[PDB]
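Everything on this sheet refers to the single structure shown next.
Every chain is numbered from 1 and lettered A, B, ... according to where its sequence line falls, protein lines coming before strand lines.
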Amino acid sequence: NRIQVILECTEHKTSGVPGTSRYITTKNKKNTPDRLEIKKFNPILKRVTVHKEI
Amino acid sequence: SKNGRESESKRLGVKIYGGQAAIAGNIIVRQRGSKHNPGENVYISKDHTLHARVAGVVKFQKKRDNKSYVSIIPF
RNA sequence: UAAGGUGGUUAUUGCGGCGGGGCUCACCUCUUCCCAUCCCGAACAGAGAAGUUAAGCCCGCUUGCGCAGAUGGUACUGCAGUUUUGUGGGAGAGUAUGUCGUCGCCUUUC
RNA sequence: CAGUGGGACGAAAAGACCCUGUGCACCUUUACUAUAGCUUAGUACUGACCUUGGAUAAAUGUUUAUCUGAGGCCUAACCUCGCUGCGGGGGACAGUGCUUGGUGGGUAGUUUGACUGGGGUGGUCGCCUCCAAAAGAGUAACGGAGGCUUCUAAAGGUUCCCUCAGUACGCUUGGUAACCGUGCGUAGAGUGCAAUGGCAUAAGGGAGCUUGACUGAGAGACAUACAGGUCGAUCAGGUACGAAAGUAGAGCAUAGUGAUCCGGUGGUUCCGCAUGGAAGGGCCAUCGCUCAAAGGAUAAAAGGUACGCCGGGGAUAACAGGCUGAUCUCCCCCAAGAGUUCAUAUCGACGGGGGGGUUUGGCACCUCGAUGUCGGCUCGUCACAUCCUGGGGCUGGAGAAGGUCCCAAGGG
RNA sequence: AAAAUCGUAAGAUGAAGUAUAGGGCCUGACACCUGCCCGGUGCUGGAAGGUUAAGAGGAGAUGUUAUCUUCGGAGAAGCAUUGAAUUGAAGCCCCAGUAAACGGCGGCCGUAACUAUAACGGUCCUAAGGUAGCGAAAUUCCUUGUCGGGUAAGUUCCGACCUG
RNA sequence: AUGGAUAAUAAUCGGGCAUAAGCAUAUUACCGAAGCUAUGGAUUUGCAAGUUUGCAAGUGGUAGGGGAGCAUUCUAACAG
RNA sequence: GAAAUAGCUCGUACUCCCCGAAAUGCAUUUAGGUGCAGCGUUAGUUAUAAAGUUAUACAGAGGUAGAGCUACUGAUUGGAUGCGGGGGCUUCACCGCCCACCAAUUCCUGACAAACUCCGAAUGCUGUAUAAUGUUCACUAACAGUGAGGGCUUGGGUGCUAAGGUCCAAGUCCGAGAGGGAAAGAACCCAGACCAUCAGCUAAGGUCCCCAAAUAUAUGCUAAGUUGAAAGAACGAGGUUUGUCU
RNA sequence: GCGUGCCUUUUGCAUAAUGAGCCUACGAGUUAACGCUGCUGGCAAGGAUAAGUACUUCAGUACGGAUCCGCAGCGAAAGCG
RNA sequence: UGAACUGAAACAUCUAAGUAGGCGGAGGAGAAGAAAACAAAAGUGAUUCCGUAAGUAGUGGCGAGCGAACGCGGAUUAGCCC
């Protein structure tokens, strides 16, 4: 049930800045469904941004 | 039979003793659970390992209902 | 001298029982406000000073429960030879016994 | 000198029985990978016309010029027969070449693990906890006990708080084992999951807010054949909680795992074969292996040999020898009884102490460049733990026949 | 122009034969007979339905750029890579047959006058639960089974029983 | 000290044999090895003199490692 | 082809001098082979040198031997209570009773444990300084062999507190080792072989002869040839010497 | 008086584990290419030539700098140094 | 036309190896030989052989292993016919 999720930054890919911020975490496909969203530090933009599960 | 399995030893025990010198990051005691508690200039890690904080001389000084409190006298 | 606050000391410092005390400590009266109960001003928080040592707290006594604990002997054991032993180390348990703490720094007091 | 053959583990054959070698050979199949042959379709040799269907192009549901799927017919390629080029039988079929799917031990190349108180059978192969382990660390057995191939978006972070299990006394259901009230209760609870250690001034439980389960990194140490593994303090950029100090780079800590190659996904003017792109590759993040025989020899793999062969082993078994008695046989010690009464004329349970090495075993110490194995025949020889003959004691011995014990190996 | 056999082929045997003939396989004179099972593996026939090769076919996508776009980017034609719909046989799945084709052919419980047994009844599972015949056997471990004969004495032998 | 059975080719303090030549304690002398020492000699390292000597420590040895050399056949020079 | 391959057996030729091991650990289609580590040789480095070895003084952590359990977990001998349940009589009423066993909790004693600990040594380990010995220590380079071990003493597991059995740990020896003693024995006791000598002193063990040295001294025991090599039982006995009580 | 041949394999052999009837002759770590260590030699921030060519009394001095190693490293790479 | 033993410490891709072997033809030599070639912003100009480049680029169950080319220095030098 425990799957591997990839939280990619959401405010990224909208500005003229090359790159993409991602976080490779684990989750449960039964206990926590519906595309978990978590605030993580974006190393490209140098600020905390909400990353949503792909 | 059904008894032929065992695991490798973790090489626990007591590192630098209570009369020897240590430095800023020397492991003092490796334990499974805090049976040697940290004192002055000595902290504990995630695995209940005792680390030194500054250079000095180790001192155990068991006290308070037979509980070892490892500390470091700076020098 | 007495009390309050705050620390060091592995309960010989603790638990219990019996008497004494209150400028400070504590109960004690209320919930408008600050604050809170998965229900309750019980606890926490605030506003006061009618009463009280009754209790908490502090003193004096108590071997009662706990805690500490010898000297001597014994077990065990390093080295040397051996059926024996000689040289050193030396417990645990138990007995006699001890303990109703001790050491600092601040404020009000005499 | 003539006769018999007990020994020289006598001579002969680098044991043919057993084990072994990532040795060989042959054979088998529902092991792997191929192939001869057989067979299906497409295509070339292979052509002319009618019927029936589909598609494209044009014009106003049909028509006209093509492609294709099928049938029928014709002879003119191609095949066959009879007379010596004809007269018949088929016919664009069959045969053949290339490309393909299925069968195919008919054939060929190979694989088929190790540990092991001989080898098979059974069991195990990686990781974690306790004992063995002899008070630093480490330390083996097919030694004694158990678990793992995970889980939590909260079972993570911070701030503020709370105290367990059990038991006694009371109370409708309710029963002293449900909830409640008052005492006693240093830990006997709980800490997801085995064990050990730890934890109440909590690592156990609750509430509020949150995502540090961040980015760039690693002073110094512990383990250490290597590959790997474990802990960790300062600094910078932005965060969560908290009034602030301060804490937070995942869980109370030890198990929850798989190297390399190859391939996939996201980011990246890093390179990109004359130049500019691209294919592709490189760097960072990450995915795919019960490779479980878990340091994984291939992407891909099972058996028989008494028809066997070669190279070695007493490193290792079967006969015999050797050490020890578990088993075997014999004796002795105590005596509850049985013997009409009376333990020991005779037997003797429940227990104990030894002698012998004749049985079945344990070990694997000499022999696998050979120590010929059961039974019977001939020839004997030795011990006495005596079957007869010989000499005695006791008797539940009237005599004769008995029972038991002692001495005795000359002959049978 | 047989099947089949040898060969790369041509060719040859079969056969200067032709179903009362020629191959493949089992059993083994003669007498009586030769039971049940098509589940599994082989063989034959069918082909409505599913899957399925090469070869045809080319919706769309990608690379390059004439040109247009202040930048970004879009991009006709040509040239190349990659290609999905559609068509596509045998075989396999499927349907039925075949055992003188390979192969297979069961248990428990209760019950009749003294005992014993069960003609009989209940129940579970199969494709079927082994018929006739024989039976201590070239097949039987217990075993030197049990009874009779042979011998003074018979682990061998003969004739019986049936717990094969 | 004594009784508590013994194994098969002829046996055992090693044998003769011993009443101590057995056992227990104490003492003295002696024997006893390639151990130690006395004499002679050779060799390896380290230290000095020189161009061999002196002193100190050594000198069992398998697998294995290092250093100095002998003989054999032939070749180049000088001398036979 | 071809001198196929052989992780296998066998063989491997002159001399002298110096040094000198291992039979262990981790992996392995691996176990009688290898790779790395451990142990060896040669050469070079640390100098106002460093490191080693033994002992002493000081200072540390431990949970073995031992001990104890009313200090937990499990087991456990004997007495005191017996709350309450099972069984006999009395009866309308497992109703009010009367009687003997298994019997909760508590107290007192006796005592067990590798996977029990309220306790807990000796030794061993680590660090500093000192005192003895001086490269024995450590580092680099090159080259190897070994990776079948075994006996004895001690602490253990398994086995039958059996094995010249087997698997570990702390030492020594053989392996690779001559000489002397036990009569002869790879390991037992003494002792580490540069040669030569018709020299002396000793170790273990012995002094009647074989066979070197005491028929030596003092005291007592044994009558069994016990014994003079090693090694024995439960259980008997009016053998003898000797101490105490009686 | 003392003294159980030799070799090989072995924890361990007089071993009754292997091998040899004896003598004479033959018989087993050699060479090439490419490297690494120890000693020695030339040159020295430089060192060395290969194939080849010329002369000559000819299987035996001069020339030949192509090229190789070292002098600067880090990074996958652009690149920096 | 064309193997296998062997190596990969097994083995099938691979190596061994286009080797051994078999068949046919020619000459003192044979083959090749005059660019539908290299190279890269600078250039060379037929083929053959020797030394470097170089154990480099690359290839490979990316395992065992296999392994060029460009450029440079030399021997020789020659171009023509449908």
Give [X] one of three labels, base, sugar-phosphate or nothing, depending on what nucleic acid heavy atoms sit under 4.0 Å from its own.
X       : answer
B/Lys2  : nothing
B/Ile23 : sugar-phosphate
B/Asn3  : base
B/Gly25 : base

Do [N] and [M] form a Watson-Crick or G-U wobble pair, with both donor-acceptor distances under 3.5 Å?
N      : M      : value
D/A165 : D/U324 : no
D/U173 : D/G15  : no
G/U226 : G/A214 : no
D/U110 : D/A133 : no
F/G22  : G/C221 : yes
D/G321 : D/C365 : yes
I/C66  : I/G58  : yes
D/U51  : D/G170 : no
F/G58  : F/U43  : yes
G/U227 : G/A55  : no

Base of [N] relative to its sugar, syn (within 90° of 0) or anti?
N      : result
G/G185 : syn
C/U13  : syn
E/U140 : syn
D/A293 : anti
I/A10  : anti

E/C25 - base-pair partner by Watson-Crick or wobble geometry, distances under 3.5 Å: none
Which nucleotide, in any strand shown, forms a Watson-Crick or G-U wobble pair with E/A47, with both distances under 3.5 Å?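 In the structure as shown, E/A47 has no Watson-Crick or wobble partner.
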Among [options], find the nucleotide with the atom closest to the side chain of [X].
X       : options                : answer
B/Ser1  : D/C214, D/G144, D/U152 : D/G144
A/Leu36 : D/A153, D/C231, D/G144 : D/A153
B/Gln61 : D/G266, C/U10, D/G197  : C/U10
B/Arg30 : D/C142, D/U230, D/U211 : D/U230
B/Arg5  : D/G232, D/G212, D/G146 : D/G146
A/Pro18 : C/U9, D/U269, C/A11    : D/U269
A/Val48 : D/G198, D/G238, C/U10  : D/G238
B/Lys10 : D/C128, D/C222, D/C131 : D/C128
B/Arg11 : D/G138, D/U152, D/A285 : D/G138
B/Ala24 : D/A213, D/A219, D/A223 : D/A219

Would D/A25 and D/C26 count as a stacked step, six-ring centres under 5.5 angstrom and planes under 30 degrees apart?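 Yes, six-membered rings of the two bases stack.
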Looking at CD1 of B/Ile27 and CD1 of B/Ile16, how far apart are the two atoms once the value is rounded to the nearest 0.5 Å?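 Going from CD1 on B/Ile27 over to CD1 on B/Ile16, the span is 9.0 Å.
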Interatomic spacing from OG1 in A/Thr49 to NZ in A/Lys40 - rounded to 0.5 Å: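 Rounded to the nearest 0.5 Å, the OG1-NZ separation comes out at 12.0 Å.
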Integer angstrom distance from the [atom1] of [N] to that of [M]:
N      : M      : atom1 : result
D/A255 : G/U64  : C1'   : 30 Å
D/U167 : D/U176 : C1'   : 10 Å
D/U62  : D/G91  : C1'   : 39 Å
G/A71  : G/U106 : P     : 14 Å

Would you mind calling the pucker of [N] north or south from its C1'-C2'-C3'-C4' torsion?
N      : result
E/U20  : south
G/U215 : south
D/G87  : north
D/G72  : north
E/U144 : south

Ignoring hydrogens and geometry, is there a side-chain-to-backbone donor-acceptor pair from [X] to [Y] under 3.5 Å?
X       : Y       : result
A/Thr10 : A/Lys52 : no
A/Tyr23 : A/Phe41 : yes
B/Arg53 : B/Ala24 : no

Could you tell me whether the phosphate oxygens of [N], OP1 or OP2, come under 4.0 Å of any side-chain nitrogen or oxygen in [X]?
X       : N      : answer
A/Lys27 : D/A153 : no
A/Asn31 : D/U152 : yes
B/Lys63 : C/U9   : yes

Do [X] and [Y] touch side chain to side chain, with heavy atoms closer than 4.5 Å?
X       : Y       : answer
B/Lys67 : B/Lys35 : no
B/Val70 : B/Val58 : yes
A/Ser21 : A/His12 : no
B/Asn41 : B/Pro74 : yes
A/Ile24 : A/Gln4  : yes
B/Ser34 : B/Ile44 : yes

Go through the N and O atoms of the side chain of [X] and the base of [N], and report whether any donor-acceptor pair is under 3.5 Å.
X       : N      : result
B/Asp65 : C/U10  : no
B/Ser68 : G/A61  : no
B/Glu6  : D/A132 : yes
B/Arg64 : D/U201 : yes

Write down the protein N/O and nucleotide N/O pairs, taken from nucleotides 121-128 of chain G, whose separation is under 3.5 Å; answer none if there are no such pairs.
from   : atom 1 : to      : atom 2 : distance (Å)
G/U126 : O2'    : B/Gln20 : OE1    : 3.4
G/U126 : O2'    : B/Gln20 : NE2    : 2.6
G/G127 : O4'    : B/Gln20 : NE2    : 3.3

Is B/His48 stacked on the base of D/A203, with ring centres under 5.5 Å apart and planes under 30° apart?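 Here B/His48 meets both the 5.5 Å and the 30° conditions.
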Of B/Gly13 and A/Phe41, the one whose closest RNA chain D nucleotide lies more 5':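 Its nucleotide being nearer the 5' end, the pick is B/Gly13.
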In whole angstrom, give the distance that lies between atom CD1 of B/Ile27 and atom P of D/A219.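 The answer, rounded to whole Å, is 14 Å.
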Is the gap between the ring centers of B/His36 and B/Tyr69 under 6.0 Å? no
